[PDB]
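> Chains as they are written, first to last, in the authors' numbering: chain K, 1 to 98; chain b, 1 to 83; chain f, 4 to 54; chain d, 1 to 119; chain O, 1 to 320; chain c, 2 to 48; chain N, 1 to 344; chain h, 81 to 142. Quick one: structure below, then a few questions.
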Amino acid sequence: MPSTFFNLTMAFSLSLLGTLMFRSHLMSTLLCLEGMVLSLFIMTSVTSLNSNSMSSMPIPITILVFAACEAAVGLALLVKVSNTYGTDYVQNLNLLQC
Amino acid sequence: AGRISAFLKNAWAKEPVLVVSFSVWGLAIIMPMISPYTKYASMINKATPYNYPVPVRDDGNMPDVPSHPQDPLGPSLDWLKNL
Amino acid sequence: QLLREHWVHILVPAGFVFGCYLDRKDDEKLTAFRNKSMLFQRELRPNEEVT
Amino acid sequence: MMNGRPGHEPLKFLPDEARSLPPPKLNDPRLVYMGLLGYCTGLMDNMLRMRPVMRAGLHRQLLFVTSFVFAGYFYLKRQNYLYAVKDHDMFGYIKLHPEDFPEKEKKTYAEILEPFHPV
Amino acid sequence: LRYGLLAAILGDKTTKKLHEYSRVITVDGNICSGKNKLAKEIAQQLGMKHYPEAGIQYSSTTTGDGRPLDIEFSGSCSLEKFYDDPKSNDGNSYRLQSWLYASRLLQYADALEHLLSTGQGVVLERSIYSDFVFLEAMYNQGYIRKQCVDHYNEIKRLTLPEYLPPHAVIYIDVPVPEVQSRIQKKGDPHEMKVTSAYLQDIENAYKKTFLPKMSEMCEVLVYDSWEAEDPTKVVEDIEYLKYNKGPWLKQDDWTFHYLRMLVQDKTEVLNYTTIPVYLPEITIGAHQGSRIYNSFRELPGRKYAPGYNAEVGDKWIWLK
Amino acid sequence: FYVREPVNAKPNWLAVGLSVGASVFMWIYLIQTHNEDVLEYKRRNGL
Amino acid sequence: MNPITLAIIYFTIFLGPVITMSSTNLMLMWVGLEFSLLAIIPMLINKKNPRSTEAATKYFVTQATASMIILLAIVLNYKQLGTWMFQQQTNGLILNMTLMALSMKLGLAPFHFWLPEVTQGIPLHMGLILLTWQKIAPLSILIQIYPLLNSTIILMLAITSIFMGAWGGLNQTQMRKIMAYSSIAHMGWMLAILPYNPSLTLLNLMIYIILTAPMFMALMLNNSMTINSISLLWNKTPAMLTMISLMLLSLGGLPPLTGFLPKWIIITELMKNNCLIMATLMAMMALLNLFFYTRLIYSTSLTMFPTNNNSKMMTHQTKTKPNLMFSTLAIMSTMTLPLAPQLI
Amino acid sequence: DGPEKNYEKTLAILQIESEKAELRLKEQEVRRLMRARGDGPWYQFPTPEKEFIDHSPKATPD
Ligand SMILES: Nc1ncnc2c1ncn2[C@@H]1O[C@H](COP(=O)(O)OP(=O)(O)O)[C@@H](O)[C@H]1O
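As structure tokens, this is what we get:
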């Protein structure tokens, strides 16, 4: 267990270290947001499992719908950026600042 | 009336797929509400000993089954046979 | 009479009355140590109150 | 902070205790203020829509002058409980704990000094 | 209940009401070319209604007693004083226009309520989208700054695309040495003494910018003045006008809702005409304006909402 | 004479006779609730 | 946008906080942030101009990682002492990632750089909701954790919110960000107090909601998102001035107006809890929140700026304001200080 | 009415106004002690309830 928790919590931490640093995209930002999810998913799958908490076992699905329901609209934005610019760069949108 | 029995026969022929859907939708939900056997869904499914039935110690009360269970007392389900 | 082009003149002195009542509702709200003060502490004649 | 005490019917505005309390006067610095407060509203709604001020509803006003007053009664009829429980809970804690709140208030101004800081 | 949104659910739809003749419709030309015997004699030939040209005072004629007012209450245009002396620092050549732009914009906006309620066609004349025709010739000659034209197209940018096109325009070209003659044929001294070049720069800028960009959104029916004078033929030219190639078709009944709640609020139509932008030509100053609005509410009839005024009726002025 | 005939020309008799009828109820329920309280305030405690 | 779509989205916005309110697990109390998130992006984007498409992404990424970083602390809190609630003895870093996240939901210390930017480039309606209702469910997380937040940093977020929530308020000239930058500066008061009797921040929320709505409901009347665009209100509705006047001077707390009351009663807690040195800073720099209201009100009533001739049309069209909404709130504020015993 | 009605009226306020100082200093100090040693009703923060556990047999020792 602990020999995989901290290893996950590190992997999570990289994903957060990740999605706060950009290199000229929105999708990779939008995409590293789900390792941030999936590393939380598993770490929820383990504890609810190794604790034999079958009553908490529903929750990993409840998150995992909204691991995507938020994501899906997150994808949906990009079509409404590419349809604007067609480029998908983060450095193209700096005109909410006037 | 005739205003509805046309739309039935009309929307049937031009769309005889969703009718079976909108039927089986409303028809799946009416048949449990009319059945005799729906009561047995839980009976059969409540009598299932996935778990050891933990016993209880005699205090000179609860006139239910004795130690040796082969006594017709208790819910010796026999309805399940000859269902 | 007419449409009462001047009636506001009744308006303010109704306040001075209402104030002198509210100023007095304040009085009967406190209404304690009515005679228990060391200074006066005078028992009255046969009659009833002081303030 | 009060919300976790015993004797607590959660989400019972008007706990059905507080029914032992003296209700408001119908005539106090706040309802009658709240009454004028309602009148100053309908005054201003008309004043925004460019209606005749001081008139032009004559039922809208009376609504506000009541809808606040009808509200102000119950709301005052609540907080008067809250301060009462804020008192009731306090003094009871004090008598179940006298060992920590003593009373020796002070001596007179003859067995005691203060430095006479002259001018 | 002011059309709300409930009335859309209970049923106040548009496409249920429309018609083959539920067609807004416009005419264009020049300053004495047709449009008073054309526009009228078209609503009657078909069945729909009619609106005349937008005066300086179309806002005042459509509220209260529907009466016109002093100049100062309605801009400071004085079109009569325009022709005889422009190029004053008392800027009149733009105020004459933007004040008319909004009025055309209101007129166009007054249509869509009735177009979208008891849906009938709407005969307009020289609608919004032809209004820069007046300006281009007016800037190609010396009447306005360049800095002030941008104040127009900027405002056009803000309100034009928020509405639909005029749905089968009409234009009647006519040679400029003739229209200068018709002015003389009519008893007006002020329309006289106008530069004929302006009435030639009028329509040379027209057909370069207006005409092409409209043939793609709408469908043009370019005619000549003698091809007019017989509105029988054109009425049946509308009939063969196969409506396509416009945005009228790519929108369900719900765009009409947010289009119709946009227009019923006539004040909300105009929030982008009273923009803060400050020119010496149109910015008035405080006292000059405060004096008016204060004198304008003292006027016999507004003073209040147009529901509550003892002086023009409104008996139950204390409940309704 | 209000060419654009205003939305408020006749009174909304539906609402005014309805609002006042709400207020009067709002007056009476208040009062009978108070006197019931002042009444019950007495016999809840001693007096 | 279709009514069948409207009353299902307004529905979800109403569920997010209420689920968050009406639940005990930190999981139902998390999802509620996402009904509060999934049901904003639809109406941030109606005009479908660029200035809406940019905000959503700038809003979504900012308010997804925050949801994740919350979602971390639960799972840690389900490893540590397996259950689904911040019970009492949970490690400080956990909360200091929870509170970290909520500070990204709201925008306090550096975490405020997105909120006005979103509030810029947006309609007022659906700008109203970021600041008044969406603002609750993050706090519905948080009145739960009455004690046991790290008092050290929760205070650091306050001042740095009060500073940045004020200085930023000076420069800017669009109403939309000013009302946003005050949302920050009226948060450190919602937030500094938070361990110290937080049935008093619940107030400032019930206050601050009463002070922003009328303003937006006022700007909605004219669709004026700029000082100059609202400066010429004396020509449009010179009757609305006497409330916007009292509304703003109330909002930046002056005593006879109610908005002083949170900024005062708070300090009555803080000084009572032995922090002379700190809270002084807020009330002082709070006076700087008046300067871009006292400059604003100069443009508004106290001297009638020049207007456009085209507004002469505007004085013909029988404007319609709502009822129960503006006056009924604008007088439950600006006039309700002397019921403060009853408020609290 | 007279100083017989002022001097007495004033003391009435003092009995009303001095008592307030005592209660607040108490009401604070109470609020201090009820926190550091949660013993009274105030500041009784919730714990999970007993009555959502099954006291039944599950599997041998649980
Ligand atoms: N901005 C403007 N500048 C100059 N003239 C204008 C302007 N707006 C409207 N007009 C006037 O509108 C009038 C239209 O009259 P006319 O063409 O004779 O009949 P109709 O009114 O049917 O068009 C023209 O005389 C024209 O001068």
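Ideal Cβ placement from N, Cα and C applies to all residues, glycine included.
#1: Taking the straight line between their C-alpha atoms, what separation do you get for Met164 of chain N and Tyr293 of chain N?
#2: The alpha helix (DSSP H) with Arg60 of chain d in it runs from where to where?
#3: I'd like the span of the alpha helix (DSSP H) that includes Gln172 of chain N, first residue to last.
#4: From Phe326 of chain N to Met206 of chain N, what distance separates their C-alpha atoms?
#5: Contact defined as beta carbons within less than 8 Å: I believe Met85 of chain N pairs with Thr24 of chain N. What is the distance between those atoms, to the nearest angstrom?
#6: Is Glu191 of chain O near ligand 3 - that is, is its Cβ less than 7 Å away from at least one heavy atom of it?
#7: For a contact defined as C-beta to C-beta under 9 Å, what are the partners of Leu26 of chain K on chain N?
#8: Using a C-beta to C-beta distance shorter than 7 Å, which residues of chain N count as neighbours of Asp45 of chain d?
#9: For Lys303 of chain O, which of helix, strand or coil comes out of DSSP?
#10: Would you please verify whether the beta carbon of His59 of chain d is less than 8 Å from any beta carbon of chain c?
#11: In three-state DSSP terms, what is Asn308 of chain N?
#12: Hey, is residue 359 of chain O close to ligand 1, as in C-beta under 7 Å from one of its heavy atoms?
#13: Less than 8 Å separating the beta-carbons of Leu115 of chain O and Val234 of chain O?
#14: What does the alpha-carbon distance come out to for the pair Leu221 of chain O and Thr26 of chain O?
#15: Does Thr283 of chain O come out as helix, strand or coil in the three-state DSSP assignment?
#16: Please name the residue, chosen from O:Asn153, O:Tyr94, O:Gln57, O:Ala102, that lies closest to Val269 of chain O on a Cα-to-Cα basis.
#17: Going by Cα to Cα distance, which pick from d:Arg78, d:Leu96, d:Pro52 is closest to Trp318 of chain O?
#18: Can you find a heavy atom of ligand 1 that lies under 7 Å from the Cβ of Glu281 of chain O?
#19: Can you give me the start and stop residues for the alpha helix (DSSP H) that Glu269 of chain N sits inside?
#20: In chain c, which residues lie with their C-beta within 7 Å of the C-beta of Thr66 of chain d?
#21: Below 8 Å CB to CB, which residues in the same chain sit around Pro6 of chain d once its five sequence neighbours on both sides are set aside?
#22: Hey, quick one: how far does the alpha helix (DSSP H) through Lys85 of chain h stretch, first residue to last?
#23: So, under 8 Å CB-CB, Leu202 of chain N and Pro262 of chain N are touching, yes? Tell me the CB distance rounded to an integer number of Å.
#24: Taking its Cβ as the centre, do 16 or more other Cβ atoms sit within 10 Å of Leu270 of chain N, making it buried, or is it exposed?
#25: Could you say which of O:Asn140, O:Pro161, O:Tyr258 lies nearest to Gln200 of chain O if we only look at CA atoms?
#26: To which residues does DSSP link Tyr223 of chain O through a beta bridge?
#27: When you compare only the Cα positions, how much space is there between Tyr123 of chain h and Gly4 of chain d?
#28: Relative to ligand 1, what is the chain-ordered list of residues with a Cβ closer than 7 Å to any of its non-hydrogen atoms?
#29: When the distance is taken between beta carbons, is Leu76 of chain N closer than 8 Å to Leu149 of chain N?
#30: Okay, do the stretch 33-46 of chain K and the stretch 9-24 of chain b touch, 3+ Cβ pairs below 8 Å being the bar?
#31: Using C-beta distances below 6 Å, list every residue in its chain close to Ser224 of chain N, excluding the 5 sequence neighbours before and after it, in chain order.
#32: If you draw a straight line from the alpha carbon of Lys81 of chain b to that of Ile44 of chain b, how long is it in whole angstroms?
#33: From the DSSP output, in three-state form, read off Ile71 of chain O for me.
#34: Any Cβ of chain c within less than 8 Å of the Cβ of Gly55 of chain O?
#35: For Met54 of chain d, count neighbouring C-beta atoms within 10 Å of its own C-beta (all shown protein chains included) and say buried if the count is 16 or more, exposed if not.
#36: At a Cβ threshold of 8 Å, is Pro141 of chain h touching chain b?
Taking the structure as given:
#1: For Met164 of chain N and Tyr293 of chain N, the distance between alpha carbons rounds to 16 Å.
#2: Unbroken alpha helix (DSSP H) run through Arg60 of chain d: 60-95.
#3: No alpha helix (DSSP H) contains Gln172 of chain N, which DSSP labels as neither H nor E.
#4: Between the C-alpha atoms of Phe326 of chain N and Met206 of chain N there is a straight-line separation of about 15 Å.
#5: Yes, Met85 of chain N and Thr24 of chain N are in contact; Cβ-Cβ is about 7 Å, under 8 Å.
#6: Of the ligands one can find in the structure shown, namely ligand 1, none is ligand 3.
#7: Going along chain N in sequence order, the residues near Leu26 of chain K (Cβ under 9 Å) are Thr57, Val61.
#8: In chain order: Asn323, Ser327.
#9: Coil, per DSSP.
#10: True, the Cβ-Cβ gap to chain c drops below 8 Å.
#11: If DSSP states are grouped into helix, strand and coil, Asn308 of chain N belongs with the strands.
#12: In the structure as shown, chain O begins at 1 and stops at 320. Residue 359 of chain O is therefore absent and cannot be evaluated.
#13: No. Outside cutoff.
#14: CA-to-CA, the gap between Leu221 of chain O and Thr26 of chain O works out to about 10 Å.
#15: Assigned with DSSP and collapsed to three states, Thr283 of chain O falls in strand.
#16: With distances taken between Cα atoms, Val269 of chain O lies closest to O:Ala102.
#17: Considering only alpha carbons, the answer is d:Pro52.
#18: The answer is no for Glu281 of chain O.
#19: Counting along the chain, the alpha helix (DSSP H) containing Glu269 of chain N begins and ends at 260-270.
#20: What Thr66 of chain d touches in chain c, judged by beta-carbon distance under 7 Å, is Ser24, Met27, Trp28, going in chain order.
#21: So no residue of the chain qualifies.
#22: The continuous alpha helix (DSSP H) containing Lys85 of chain h extends over residues 83-116.
#23: That pair is no contact at about 10 Å.
#24: Counting Cβ neighbours within 10 Å, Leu270 of chain N comes out buried, since at least 16 surround it.
#25: That would be O:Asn140, whose Cα lies nearest to the Cα of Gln200 of chain O.
#26: O:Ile172.
#27: Roughly 7 Å separates the two Cα atoms.
#28: Cβ-based neighbours of ligand 1 within the cut-off: O:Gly29, O:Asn30, O:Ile31, O:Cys32, O:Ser33, O:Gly34, O:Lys35, O:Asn36, O:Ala39, O:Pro52, O:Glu53, O:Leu79, O:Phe82, O:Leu96, O:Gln97, O:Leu100, O:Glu125, O:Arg126, O:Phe134, O:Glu191.
#29: Not in contact: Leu149 of chain N and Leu76 of chain N (Cβ atoms no closer than 8 Å).
#30: In short, these stretches do not touch, since the Cβ pair count stays below three.
#31: Result list for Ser224 of chain N: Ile230, in chain order.
#32: Those two C-alpha atoms are separated by around 11 Å.
#33: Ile71 of chain O sits in coil when the DSSP states are folded into three classes, being neither helix nor strand.
#34: In terms of beta-carbon proximity, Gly55 of chain O stays away from the interface with chain c, with every pair separated by 8 Å or more.
#35: By the neighbour-count rule (16 or more Cβ atoms within 10 Å), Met54 of chain d is not buried but exposed.
#36: Among the residues facing chain b, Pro141 of chain h is not included, as its CB has no counterpart in that chain under 8 Å away.
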